[PDB]
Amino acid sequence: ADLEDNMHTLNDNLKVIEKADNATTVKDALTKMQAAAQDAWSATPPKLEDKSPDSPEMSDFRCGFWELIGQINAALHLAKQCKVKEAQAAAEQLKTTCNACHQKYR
């Protein structure tokens, strides 16, 4: 998937999680998010296409994705314990990480 498609997967699955009422739907959505983020961390955002690959910006992009992966993993961990509301709250807190990256590079 291309970077924009991975972002759309992330966005769609937050909506699924928010409206879900059981752990299976939540786990499935978080698993799709994990895969999208694992594909996206190695991408180059359009606004950074002219920057050195080892630039502070590109390193910060990767770091932010690795942090998002950690938070998705932790939300999935709650969902695998069947803690639906807690997993949903963790997914809501994810948005702060999405937004922080977007402010810099989207």
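Residues carry their position along the shown sequence, with the first being 1.
If you average the C-alpha B-factors over 42-50 and over 27-35, the higher value belongs to 42-50. When all modelled residues of the chain are sorted by CA temperature factor, residue 92 is found within the highest third. Among all modelled residues in its chain, residue 18 ranks in the middle third by Cα B-factor.
Remark: residue 3 belongs to the highest third of its chain, ranked by C-alpha B-factor as recorded. When the CA B factors of the chain's modelled residues are split into thirds, the value for residue 56 lands in the highest one.
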